[PDB]
Every structure is written in structure tokens, then in C-alpha cells.
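The structure appears right after this line, and notes come after that.
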Protein chains: 2
Amino acid sequence: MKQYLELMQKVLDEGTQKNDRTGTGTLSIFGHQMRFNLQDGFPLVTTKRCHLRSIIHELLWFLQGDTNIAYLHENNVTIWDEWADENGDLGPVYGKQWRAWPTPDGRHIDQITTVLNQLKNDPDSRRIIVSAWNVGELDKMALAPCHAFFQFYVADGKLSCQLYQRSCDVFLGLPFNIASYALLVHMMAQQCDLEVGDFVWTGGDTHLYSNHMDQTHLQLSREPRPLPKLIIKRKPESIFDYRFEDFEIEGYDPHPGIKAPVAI
Amino acid sequence: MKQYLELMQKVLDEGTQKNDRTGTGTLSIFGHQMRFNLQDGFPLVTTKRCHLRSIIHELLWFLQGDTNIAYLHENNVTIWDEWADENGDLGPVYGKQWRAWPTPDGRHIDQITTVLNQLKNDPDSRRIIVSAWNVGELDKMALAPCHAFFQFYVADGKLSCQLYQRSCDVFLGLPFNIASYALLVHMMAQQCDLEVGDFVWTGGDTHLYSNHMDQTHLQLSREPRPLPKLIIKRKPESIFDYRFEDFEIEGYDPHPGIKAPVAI
Ligand SMILES: Cc1nc2ccc3ccc(CNc4ccc5c(c4)CN([C@@H](CCC(=O)O)C(=O)O)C5=O)cc3c2c(=O)[nH]1
Ligand SMILES: Cc1nc2ccc3ccc(CNc4ccc5c(c4)CN([C@@H](CCC(=O)O)C(=O)O)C5=O)cc3c2c(=O)[nH]1
Ligand SMILES: O=c1ccn([C@H]2C[C@H](O)[C@@H](COP(=O)(O)O)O2)c(=O)[nH]1
Ligand SMILES: O=c1ccn([C@H]2C[C@H](O)[C@@H](COP(=O)(O)O)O2)c(=O)[nH]1
């Protein structure tokens with residue numbers, strides 16, 4: 001994608017060499033924002049092949065409030081396995097914060113159903129936020145959240161979303177993080193009889209790891225193909241009721257996949 | 001300043017007319033970012049006179065964990081007055097979350113001590129964040145956090161900071177919020193022997209209120225002037241014991257302070 005290839009070119013031309021907790025070394029910039037008008041096409045990378053199945057299953061997993069990896073295993077998703085303890089638990093991560101943020105006095109707030117009730121009764125609110133950054137439970141999480149915070153806004157009967165991502169692995173994580181959030185914006189728009197607006201991505205530490213530089217220069221020498229189409233074949237009774245097979249992706253024809261190591 | 005003024009015209013050319021909680025009406029955009037190189041001077045507006053004594057007093061009030069406007073009265077800062085209960089209290093707002101985010105298990109977390117220790121021991125960290133968006137406590141706050149989430153970054157001996165401001169009053173609040181955080185970046189750079197870097201601002205619902213258009217049109221015809229320079233006259237034993245006496249701006253030659261109606 002134009003926006004994606006241009007962030008890669010910007011971290012290569014402006015990135016400073018940093019060290020990081022996984023030992024691997026990075027090229028790094030701080031502060032970046034880009035926008036995708038979701039009516040132009042579904043924002044899934046065409047310069048290397050990505051796999052929808054995985055983006056969808058992790059999204060369904062977040063929406064049920066799940067933080068154990070067995071659901072993901074049942075549907076062949078492996079990326080969470082190094083962080084999981086012996087019982088497959090990742091601790092209070094995304095799915096838990098989304099659906100059941102713990103308050104000081106006993107309570108639990110479901111941030112997803114709150115947001116659906118704000119878009120319905122009060123779409124002009126400036127407080128239609130979902131946060132995963134629970135400072136209090138961060139010591140209990142397998143990984144502190146990268147895509148930590150997001151805000152929805154409604155305009156001419158169109159739903160927009162902005163995500164604050166504190167840390168971003170440009171080459172490996174970001175194809176999946178933007179497809180994940182753009183999918184949640186078609187799901188919340190369908191539920192609210194709203195049209196799709198913009199998905200705005202903002203990054204804190206936006207980086208390329210040192211052992212991704214050949215890969216990066218190969219992908220960037222590929223010109224983008226036309227952006228694919230998302231078809232939802234079913235409007236479920238609630239947002240928690242989407243199954244994998246409601247979603248069809250049309251017109252997706254990518255360049256060959258490019259592999260690269262995950263820094264631990 | 002040119003970034004701030006470019007944003008102001010953008011909200012007029014492109015802003016959607018929205019109804020808001022006050023009734024006043026607004027012109028609005030979603031998703032906007034601004035980079036301020038702090039080497040080039042202090043980012044306090046020159047097109048209208050801003051009063052540094054109130055900026056510096058609100059911020060020392062935050063850093064001490066205080067949610068009662070008593071301190072701000074001793075030192076004449078008003079603005080938090082319609083939101084305070086008869087005992088002068090705002091609920092667990094900014095300062096309470098910066099210094100004492102409360103767990104489910106009784107304990108508290110001092111996010112400013114955490115963040116100073118991370119800057120003094122692990123500067124490459126992509127988790128040097130402090131959040132004021134405490135979901136389990138939003139209902140006990142008089143007004144939910146506008147400047148909600150920020151992240152620090154260390155690259156070539158320089159300290160940078162990025163802010164997420166969910167809802168923004170371009171005319172009134174935004175001049176004060178840019179100086180306030182740029183100021184914090186200077187106190188943190190000083191306590192941690194780092195040079196100052198970039199201050200990056202990211203907004204959600206960025207808006208201009210209807211009854212501000214005249215003052216905005218007056219401001220857009222005035223040219224910006226050179227930025228001031230912030231001298232910090234001493235080096236305190238901790239970031240918690242700074243004082244009004246310690247801050248000085250050389251080179252501030254603004255246009256007159258412009259009066260404009262606040263919305264309740
Ligand atoms: C350094 C780093 N660490 C991470 C650790 C946790 C993550 C969890 C999820 C995601 C983003 N979500 C997905 C969700 C599914 C897949 C992938 C990523 C990557 N992908 C693997 C497939 C793994 C496999 O062989 O089965 C791939 O590289 O193609 C997936 O199918 C990124 C990370 C990162 C990440 O991208 N970078
Ligand atoms: C509509 C609106 N509501 C707010 C809610 C309370 C706020 C609290 C803090 C700040 C930002 N902090 C400061 C810090 C200093 C000053 C002001 C605000 C406003 N101001 C007034 C004086 C104080 C007053 O309005 O009572 C001025 O003359 O410009 C100050 O000197 C803005 C708001 C807004 C805000 O920006 N706009
Ligand atoms: O959704 C995800 C999850 C993780 N990461 C990356 C960010 C960093 O490269 C790494 C997490 O390491 P820290 O930032 O916590 O150090 O994983 C992503 O890009 N996207
Ligand atoms: O630091 C601050 C505090 C408040 N506001 C503004 C944001 C909105 O204009 C209004 C708060 O209204 P809500 O967003 O909460 O609805 O005050 C600022 O811009 N900066």
C-alpha cells in the first residue's frame with residue numbers, strides 16, 4: 001500500500017539506530033500518522049501476501065474477552081505461543097481489558113458494549129474510547145499492549161477510528177494490526193447502520209528490526225496492486241456473534257509472501 | 001505559531017459542523033498530528049499573548065497529585081472552577097492518576113517515579129508511558145481527561161514526548177496544552193541529563209466552537225514571531241520540587257491576548 005511503503009521509506013531515511021529489550025537492534029522513528037479511507041478498499045497489504053484467517057481469529061478472540069491461546073490453536077494461529085505460560089495464558093491482555101477492565105471497587109466495565117451504546121445514543125461524544133493500557137494490571141500481562149488505545153468518531157453518517165499504537169514492528173506486526181482495526185470498523189458500522197469512514201493509524205516508537213532490512217528493500221521494489229474488497233454476508237444480532245465465515249475478501253491478488261524472524 | 005495556525009485554517013476549510021454537549025455548536029475534524037522541534041525555541045504562541053504563570057501552576061499542581069483547586073487559588077488560577085464540588089474537588093483527575101493510579105488490590109502506582117526510573121535506567125524502552133485514562137474511575141471525575149495519554153522516547157541523547165489528546169479546543173485549550181507538555185519535557189530532560197527533542201501532539205476530535213469564529217479570524221491575520229527561550233534558573237533535587245521562581249522566557253514578544261467565550 002502507498003501509505004505503508006511510504007512509512008517504510010521514512011524509517012529507512014530518518015530512523016536512528018536504537019537498541020531494544022529483545023537484543024535484536026532496530027532502526028527507529030517516533031511520531032507518525034497515516035490515514036485510510038475505508039471506502040477505497042480493504043487495507044490489506046498487496047506487496048507481500050498476508051493471511052486473513054489469522055487477523056479474523058485474533059479479532060474474534062479479543063471480542064470474547066479471551067486471553068488463553070487454545071481458541072487460537074483450534075484455528076491454527078501460532079504467534080502468541082512464546083508468551084503463553086504452561087496453561088496457555090497470556091494474563092490480563094487485550095480481550096480482558098476490552099470486555100472486563102477491573103475497577104477499584106469490585107466492578108468490571110465492558111468497554112466494547114459501552115462504545116456501541118455511545119455510537120447509538122450519543123455519536124457526537126468525544127469520549128468514545130477503548131483503552132487496553134491498564135497501568136494496574138501491566139505487571140500481570142505477558143506483553144504490555146502495543147495497540148493500546150483507540151477512539152471512534154462519527155461524521156456524515158460515517159464511522160471513523162483512530163488507534164494509538166505505542167510500539168510498532170513495521171514489517172511484521174503492522175500488516176496485521178491495521179487489517180484487524182479496519183475489520184472492527186466494518187463490524188461496528190454494520191451494527192450501527194453507519195457507513196465506513198477513515199481508519200487513522202498513529203505510532204509511538206515506529207521501527208524496523210535489523211534483520212528485516214533485506215526483506216524491506218525487496219517489498220519496497222514491488223509496486224502496489226489494487227486494494228481488495230470486504231463483503232460481510234450476514235448482519236449478526238450483536239458484535240459478539242461474528243463467525244469467521246461471515247467475511248469474504250474479494251479482489252485480493254498479492255505479490256509472493258516474504259518471511260522474516262520475529263524478535264523475542 | 002505556523003503549525004498551530006495551519007491547523008486553525010484546516011478546521012475552517014474542512015471541519016464538519018457538529019452539535020456538542022454544551023449546545024454551542026462546533027466545527028470539527030478527527031485525527032491530526034503536529035511536530036514541534038524543542039531545539040528551535042519554546043512552543044508558546046506568539047499570535048496572541050499567553051500567560052505562563054497559569055500553565056506552570058496547573059502543571060506543578062498535576063505533578064504533586066492534587067485534585068483540589070485550593071493550590072490553584074493560592075496562586076490565582078481559576079479555570080477548574082465550574083467543575084469543582086463545594087469542597088473545591090474535581091474527583092480523581094490528572095494529578096491523581098499521574099501519582100497514584102489505584103489497583104483492585106489496594107496499592108497505588110506512581111507513574112511519574114516509574115517514568116523517571118525508566119529514563120534513568122532503561123532509555124530504549126518503548127513502554128515509557130503515563131496514562132490519565134483510568135476507565136474504572138472516569139465516573140468519579142468531574143470532567144474526563146482531554147490530554148489523556150503520553151509517551152516518552154530517547155533517541156540520540158534527546159528526550160521526545162508524544163501526546164494523545166482525545167478532545168481539543170483549538171482556540172482556548174490547545175495553546176495552553178502545548179506549552180504545558182513541552183514544559184514537562186524540559187523538566188524531565190533536566191532531571192535525566194538528556195537534551196530536549198521533539199514534542200509531538202496527536203488529536204482526536206480537534207474542534208473550533210461556533211462562538212469563537214471572530215477571534216479565530218482576528219488571529220489568522222496576525223503574523224507569527226520568533227519563539228521564546230525557556231531558561232530553568234535552577235536544578236531541583238527531584239522533579240517534584242520545582243517552583244514558579246525557576247522558569248524564565250527570553251524573547252517572548254507576542255501580539256495582544258484576545259478575549260474569547262468559554263463553553264460549559
Ligand atoms: C517483535 C514482534 N512481536 C510480536 C509478538 C506478539 C504479536 C502478536 C500479534 C501480532 C499481530 N497479529 C498477528 C496475527 C496472526 C499472524 C501474525 C500476526 C503473523 N502471522 C505469522 C504466521 C505464523 C505461522 O507460521 O503460523 C506470519 O509471520 O506470517 C500470523 O498468521 C504481532 C506480534 C508481534 C510482532 O509482530 N512483532
Ligand atoms: C471549553 C473548554 N473547557 C475546558 C475545561 C477546562 C479546562 C482546563 C484546563 C485547560 C488548559 N489549562 C489552562 C491554563 C491556564 C489558563 C486556561 C487554561 C484558561 N486561561 C484563562 C484564564 C482562566 C479562566 O478562564 O478562568 C485566560 O485568560 O486565557 C488561563 O489562563 C483548558 C480547559 C478547557 C478548554 O480548553 N476549553
Ligand atoms: O500487535 C502487535 C504486537 C506487537 N508488535 C511489536 C511491537 C514491538 O516490535 C514488539 C513488542 O516489544 P516492546 O515494544 O514491548 O518492547 O512487538 C506489533 O508491532 N504489533
Ligand atoms: O486540557 C484541556 C481540557 C479541556 N479541553 C476542552 C476539550 C473540549 O473542547 C472540552 C471538554 O469537553 P468534552 O470533550 O469532555 O466533551 O474542553 C481542552 O481542549 N483542553
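Where a number appears in this text, it was derived from the coordinates with a stated rule and is not lab data. Please note: Cβ atoms are built from the backbone with ideal geometry, for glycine as well, and neighbour counts cover all protein chains shown.
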Exercise for review: Over chain B, calculate the relative contact order: mean separation of alpha carbon pairs under 8 Å at least 6 apart, over the residue count, as a percent.
Suggested key: 28
Check your understanding: Given H placed 1.01 Å from N in the peptide plane, which residues other than close sequence neighbours of B:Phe36 have an amide H under 5 Å from its amide H?
Key -> B:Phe199, B:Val200, B:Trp201
Review point. Please state the relative contact order of region A:39-105 as a whole percent: Cα pairs under 8 Å, 6+ residues apart?
Key: 34
Point to revise | Whichever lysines have a C-alpha closer than 21 Å to that of A:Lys233, once near sequence neighbours (fewer than 8 apart) are set aside | key: A:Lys158
Exercise for review: Pull out the extension gain between A:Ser210 and A:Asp110, defined as 0.36 nm times the separation in residues minus the alpha carbon to alpha carbon distance; nm, one decimal.
Suggested key: 32.1 nm
Check your understanding: Membrane-span-like helices in chain B: DSSP H runs reaching 24 Å or more (Cα, own axis), mean Kyte hydropathy at least -0.5?
Key -> B:173-191
**Study point:** Set of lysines near A:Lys235 by C-alpha distance (under 17 Å), chain-local residues within fewer than 8 positions excluded
**Key:** A:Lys120
Check your understanding: Along the Cα-to-C-beta direction of A:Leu143, a point sits 7 Å from the Cα; which residues of region A:198-234 have their amide N less than 20 Å from that point?
Key -> A:201-213, A:216
**Study point:** More than 34 Å apart - percent of Cα-Cα pairs taken over chain A
**Key:** 15
Check your understanding: Can you list the HN-Hα couplings for region B:252-264, worked out from phi with the Karplus curve (6.51, -1.76, 1.60; θ = phi - 60°), rounded to whole Hz and with x for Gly and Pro?
Key -> 7, 10, x, 7, x, x, 5, 6, 9, x, 8, 8, 10
Revision key, fill the gap. One would report the antiparallel percent of DSSP beta bridges in the protein assembly as shown, rounded to the nearest 5, as 75
Practice item. Starting from the Cα gyration tensor of region A:158-264, take the square roots of the eigenvalues, sort them a ≥ b ≥ c, and report rounded, prolate or oblate (rounded when a/c is under 1.5, otherwise prolate if a/b is larger than b/c, else oblate). Key: prolate
**Study point:** Per-residue average of Cβ from other chains inside 10 Å of A:14-21
**Key:** 3
Review point. Let a ≥ b ≥ c be the square roots of the eigenvalues of the Cα gyration tensor of region B:30-187; is it rounded (a/c under 1.5), or, if not, prolate (a/b larger than b/c) or oblate?
Key: oblate
Check your understanding: Hey, got the average number of other protein chain Cβ atoms within 10 angstrom for residues in A:120-129?
Key -> 5
Review point. Computed FRET efficiency, Cβ-Cβ of A:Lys235 and B:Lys120, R0 45 Å: what is it to the nearest 0.05?
Key: 0.25
Review point. In terms of Cα to Cα distance under 22 Å, which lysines are near enough to B:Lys2, apart from those fewer than 8 places away along the same chain?
Key: B:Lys10, B:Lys48, B:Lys229, B:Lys259
**Study point:** Order by protection proxy (mean Cβ within 10 Å, highest first), peptides A:13-22, A:88-97
**Key:** A:88-97, A:13-22
Check your understanding: What is the mean number of Cβ atoms from other protein chains located within 10 Å of the Cβ atom of each residue in peptide B:191-200, rounded to a whole number?
Key -> 1
Review point. Who wins for biggest fluctuation among A:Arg126, A:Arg107, A:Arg225 in a Gaussian network model of chain A, springs between alpha carbons below 10 Å?
Key: A:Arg107
Revision key, fill the gap. About its Cα centre, chain B carries a charge dipole, from +1 on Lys and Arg Cβ atoms and -1 on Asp and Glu Cβ atoms, whose size in debye to the nearest 20 is 420
**Study point:** Stokes-Einstein diffusion coefficient of the protein assembly as shown, Kirkwood radius over Cα pairs, 4 °C, 1.567 mPa s, in µm²/s
**Key:** 53
Review point. Using a Gaussian network model of chain B with C-alpha springs under 10 Å, which one of B:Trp98, B:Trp83, B:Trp201 is most mobile by mean-square fluctuation?
Key: B:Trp83
